[PDB]
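So the sequence lines, in the order shown, correspond to chains A, Y and D.
Heads up, the first sequence stops at 1295 in this note's numbering, and the numbers go up one at a time, no gaps.
Heads up, the second sequence stops at 515 in this note's numbering, and the numbers go up one at a time, no gaps.
Heads up, the third sequence stops at 128 in this note's numbering, and the numbers go up one at a time, no gaps.
Working notes for the structure below.
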Amino acid sequence: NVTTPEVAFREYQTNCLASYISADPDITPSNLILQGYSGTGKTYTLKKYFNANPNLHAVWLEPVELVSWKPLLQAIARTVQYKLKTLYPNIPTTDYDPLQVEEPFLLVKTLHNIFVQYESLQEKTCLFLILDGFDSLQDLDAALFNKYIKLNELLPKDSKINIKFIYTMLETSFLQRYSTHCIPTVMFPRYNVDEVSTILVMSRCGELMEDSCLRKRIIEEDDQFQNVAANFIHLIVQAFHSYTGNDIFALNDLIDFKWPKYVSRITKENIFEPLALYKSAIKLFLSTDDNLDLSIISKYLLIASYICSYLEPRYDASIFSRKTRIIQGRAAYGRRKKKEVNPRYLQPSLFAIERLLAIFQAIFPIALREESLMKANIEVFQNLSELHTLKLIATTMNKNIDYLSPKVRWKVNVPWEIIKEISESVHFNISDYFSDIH
Amino acid sequence: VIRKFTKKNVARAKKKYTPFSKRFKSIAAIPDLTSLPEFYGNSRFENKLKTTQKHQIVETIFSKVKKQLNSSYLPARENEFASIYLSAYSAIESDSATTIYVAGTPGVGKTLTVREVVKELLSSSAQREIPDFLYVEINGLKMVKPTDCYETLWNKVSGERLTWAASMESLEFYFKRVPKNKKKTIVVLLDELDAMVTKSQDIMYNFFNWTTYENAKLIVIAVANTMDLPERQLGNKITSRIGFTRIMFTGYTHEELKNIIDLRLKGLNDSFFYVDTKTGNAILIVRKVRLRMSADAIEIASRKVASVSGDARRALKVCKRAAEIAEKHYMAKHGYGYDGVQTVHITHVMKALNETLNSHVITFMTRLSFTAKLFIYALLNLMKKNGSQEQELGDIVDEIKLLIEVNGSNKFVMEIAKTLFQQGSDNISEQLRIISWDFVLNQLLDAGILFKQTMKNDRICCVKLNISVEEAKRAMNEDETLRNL
Amino acid sequence: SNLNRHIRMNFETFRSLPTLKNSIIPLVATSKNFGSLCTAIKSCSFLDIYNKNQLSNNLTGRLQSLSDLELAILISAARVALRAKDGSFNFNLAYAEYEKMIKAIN
DNA sequence: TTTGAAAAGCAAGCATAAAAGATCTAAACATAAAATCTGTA
Ligand SMILES: Nc1ncnc2c1ncn2[C@@H]1O[C@H](COP(=O)(O)OP(=O)(O)OP(=O)(O)O)[C@@H](O)[C@H]1O
Ligand SMILES: Nc1ncnc2c1ncn2[C@@H]1O[C@H](COP(=O)(O)OP(=O)(O)OP(=O)(O)O)[C@@H](O)[C@H]1O
Ligand SMILES: [Mg+2]
Ligand SMILES: [Mg+2]
């Protein structure tokens, strides 16, 4: 005897929730799992099921707000006691403190003491504790869910209050860890693009047709506005479904970012013409647009660090050497071959400080008592220390780092797209050093 | 004031902190402690487990045998008894402090012999030929904390309840400074001595160093499981204080085990009961039924137990299990309930000895589903191929898929392939894992058949057999489909 | 019959009566009348929908939920990982494979 | 202007240094009930 609500593309899931969740504790499982990835309508379907059956007693917990297992136990005790106080206000109760629950055993004792003072009730009832997002706990281990599986066996069997657990999970592999427990599971597969578009239209067209920018636009310049909002949502879906996938939240964010810019380009010619309005605002559908000072010594030290990380030390003398030799001796010959793989795609290498200072002095911009080469003074080492403090460069160790040890090596910690823009700010030709190696 | 965290379940005992050195103002101020009303031993829970008996239970012909063969009810330990008794009697009568080290395997009568020694010593003290002493029993496996022995022994001596540190200086003051004329001899049984071994080894040093004090009048009888414990785990000080003399309790021979079982079966074997044929209740002296347990069965069980362990607990339990098998068959035959010759035969003794030997692992693997057997077959195939003891799970997936797709012409594979990869259903697409793959993986992990490493990539994760390879091979080629291919 | 086929399938894959009960319970509970229950227990058509839902979030169904660009990036990462020795890859090599693949398509 | 030849370069082999992290342990930081002290009434 239960009401099955209408959810647009979750009919099987809603029928399963009608099959498993009822007010009778004999024909209800002790544990029930709803498994699906993010934005698959698990919470939406559970809310529509419990709203259409107001006689079912449900307690809602978000483990993401609790983070650890001990606040989860204390939250269980507190919320069960508050819900049982609200439900039967004419039953006198001792108020057990939630903060005395530090073990699962103490939760069993506290739930025993709470449920033993409601035996004056005439019928057996269910209390549905919903842990919406169990595996979204931040400090999760493999042993925590076993305690919640076996929790119902330590509570009395003839109690008037019989607690029932409903779990929500995201990842398949976490659920697959507990397959031999044979817990009933309802799975929420990801929507396809048609159901995503239908959900987006039926959930956002009402908010779009009454937004203040459109209401100012139609007086500055219901069904037709509904068609305008729906056509915008369909255009957003076909423009950015490959970017977002079947993600309701990302498409919702894109709709929110691009709706007022779309409304601002609506004229009295564009309003009844969809193709003309799309051509007026086509630049909203060509780019996702999901987006939001440093010293000369530190820039050139970053360029030298990038060169030191992504070029071999043996070919240094073939690239930077320029001095006239008083003493006879051949310089480096250079590399014969070109690399098959771009080194910038891989992890950076580790170098010494003296090599970094040598290449920094070789690439820094410029008589008898001048010495135009810049030596490594206080400011170079100070800028290097800021460069490590910002982690634009990094080391092998990060905690209790010995800066002065010779065993400690250094690497660059910026990608190529950052060092390119930094080298554009100083007019250095860094791409010349990688055009002839691969 | 707002707390950063709370401790809401702190349970602290009512233990004082001031030790015995500060009770009296002087050494001469201490009275004779044997006259104090709290010192030297001068239960409320036994009535809690009482109920009203409103039924009449039936005790059958084998009921008295099973009740009598329990461990709750000293033939073969008479040299060890004489050694422990003579050392402890000489230590009591001369007012000395002595360590007696006793070691042995489980169930060879160490605790029984030391308890019989202290009962004869208390009886001898009751006849006023040795001075009176207090007997303290400390079991290291019955303590929550190892320092609680400090809590226990001092509470047995003074009757005070202190924390463990204050109890430790109280015991040190009592054993060193208090004179002999104001004290009473104390005999301490330290049982499960290895359980009282810590990193600091302070409890070991204190308990064996008090036996080196002139005024102590302390006899420590320490029970160990090995004889090389003071050399392996303890330092040279504690090993020197324990001493060179060390009493080893050997495992019982089959003559000794047979003597123990015959001592428990005196008055019942070759005896007659009056047995009711209506209910089954039997009375020791309606039919007159003779009860026997054969000596050949007892000697077989004694020889087996003596070769495996020499354990009196196992010999008594094997005899009791044989009697219970016989009594179960008796109640099945006569239809008796739980309200001319009956014999515990040698076949019941062989069944009791074989029921802990029959290797259910092969039987468990034989009674598994086809997917679990296919997993084990694929893993064994990989161990045969690349010769490694650990195989990646993706390799097992690929070789299961190969085993299905190569021997397709088998009729069982043509029957099972749609079940394995589509669960017998159109509108279910072809699956990368087999049906119930994670189920049989977790099931073999639960049994201890498999070990799986802790990795989050399911393909490069390794799986090892925890059981022997030959029993997995014989379980696999017991299966008619898997041995066919 | 269809029950005997599903019982044989369970016997050869799970060999578990709780696994069978977890599918039989919503077959009984979703019937509105007695004729619907008899039709459900003859056809066992609900058990196939149940088995399809129990496999809807594995690798195959998650692959079928992917977009075309998602599939292209996954394919490029897969072939880079196949060409690698340890199977390791990053975003840069996968994007390089993706752009070579898109240029060779276009 | 050639020459060639010792300096530079490349790759396989393999022992070994080192990065990463799994596991743990001490030390600072923190709370708390019972016992003990202590300064007066
Ligand atoms: N079937 C549906 N019909 C209408 N709106 C839906 C439907 N499914 C989802 N939505 C809308 O999409 C939103 C996201 O769904 P929901 O919060 O239930 O997802 P979820 O699977 O619980 O996600 P998560 O694991 O990230 O919390 C809902 O709040 C609702 O506005
Ligand atoms: N000589 C014996 N005569 C009779 N019964 C014996 C004898 N030795 C042992 N038993 C029986 O075996 C039981 C177990 O022996 P006991 O507790 O003395 O063993 P233990 O050697 O101290 O073993 P553990 O190391 O396990 O403590 C005794 O309670 C008794 O029933
Ligand atoms: Mg949710
Ligand atoms: Mg013992």
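Where is the CB? At the ideal position from N, CA and C, for every residue including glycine.
Hey, is residue i close to ligand 6, as in C-beta under 8 Å from one of its heavy atoms?
i, result
"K905/A", "With respect to small molecules bound, the structure shown includes ligand 1, ligand 2, ligand 3 and ligand 4 and not ligand 6."
Confirm the yes/no value for this check: CB of residue i, any heavy atom of ligand 4, distance under 8 Å.
i, result
"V253/Y", "yes"
"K44/Y", "no"
"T141/Y", "yes"
"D221/Y", "yes"
One question on the structure: do residue i and residue j come within less than 9 Å of each other, judged by their Cβ atoms?
i, j, result
"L1203/A", "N112/D", "yes"
"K482/Y", "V493/Y", "yes"
"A331/Y", "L298/Y", "no"
"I114/Y", "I290/Y", "no"
"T897/A", "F991/A", "no"
"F1022/A", "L1108/A", "no"
"residue 1349/A", "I1105/A", "Examination of residue 1349/A is not possible in this model, given that chain A is present from 858 through 1295 alone."
"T1042/A", "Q870/A", "no"
"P1117/A", "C1070/A", "yes"
"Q419/Y", "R294/Y", "no"
"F1177/A", "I1223/A", "no"
"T193/Y", "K52/Y", "no"
"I464/Y", "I406/Y", "no"
"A336/Y", "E286/Y", "yes"
Taking the beta carbon of residue i as the centre, do at least 16 other beta carbons fall within 10 Å, making it buried, or is it exposed?
i, result
"residue 838/A", "Absent from the structure is residue 838/A, since the part of chain A shown begins at 858 and ends at 1295."
"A1189/A", "exposed"
"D1293/A", "exposed"
"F163/Y", "buried"
"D326/Y", "exposed"
"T1253/A", "exposed"
"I1018/A", "buried"
"residue 817/A", "An answer regarding residue 817/A cannot be provided, because it is not within the stretch 858 to 1295 covered by chain A."
"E1197/A", "exposed"
"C60/D", "exposed"
"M444/Y", "exposed"
"residue 22/Y", "In the structure displayed, chain Y extends from 31 to 515; residue 22/Y sits before or after that span and is not available."
"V937/A", "buried"
Would you say the beta carbon of residue i is closer than 8 Å to some non-hydrogen atom of ligand 1?
i, result
"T900/A", "yes"
"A875/A", "no"
"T897/A", "yes"
"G83/D", "no"
"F1031/A", "no"
"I1093/A", "no"
"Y1260/A", "no"
"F1106/A", "yes"
Is residue i close to ligand 2? I mean its beta-carbon at under 8 Å from any heavy atom of the ligand.
i, result
"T135/Y", "yes"
"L104/Y", "yes"
"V348/Y", "no"
Please find out if some non-hydrogen atom of ligand 3 comes closer than 8 Å to the beta-carbon of residue i.
i, result
"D989/A", "yes"
"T871/A", "no"
"residue 848/A", "Since the first residue of chain A shown is 858 and the last is 1295, residue 848/A is not available in this structure."
Problem set entry | At least 3 beta-carbon pairs within less than 8 Å: the segment 214-223 of chain Y vs the segment 86-96 of chain Y | no
For this session: Please determine if the segment 1259-1275 of chain A and the segment 920-934 of chain A are in contact, where contact requires at least 3 C-beta pairs separated by less than 8 Å.
Result: no
Exercise. Is the number of C-beta pairs between the segment 75-91 of chain Y and the segment 193-203 of chain Y that are closer than 8 Å three or more?
Worked result: no
Exercise. Is it a yes or a no for the segment 28-45 of chain D touching the segment 390-409 of chain Y, going by three-plus beta-carbon pairs under 8 Å?
Worked result: yes
For this session: Report yes or no: do three or more beta-carbon pairs, one from the segment 899-912 of chain A and one from the segment 964-977 of chain A, lie closer than 8 Å?
Result: no
Exercise. Counting Cβ pairs, one atom from each stretch, are 3 or more of them under 8 Å apart for the segment 334-353 of chain Y and the segment 122-141 of chain Y?
Worked result: yes
Problem set entry | the segment 1073-1081 of chain A contacting the segment 1028-1035 of chain A, beta-carbon criterion three pairs below 8 Å | no
Exercise. Does the segment 447-458 of chain Y come within contact of the segment 382-397 of chain Y, defined as at least 3 CB pairs closer than 8 Å?
Worked result: no
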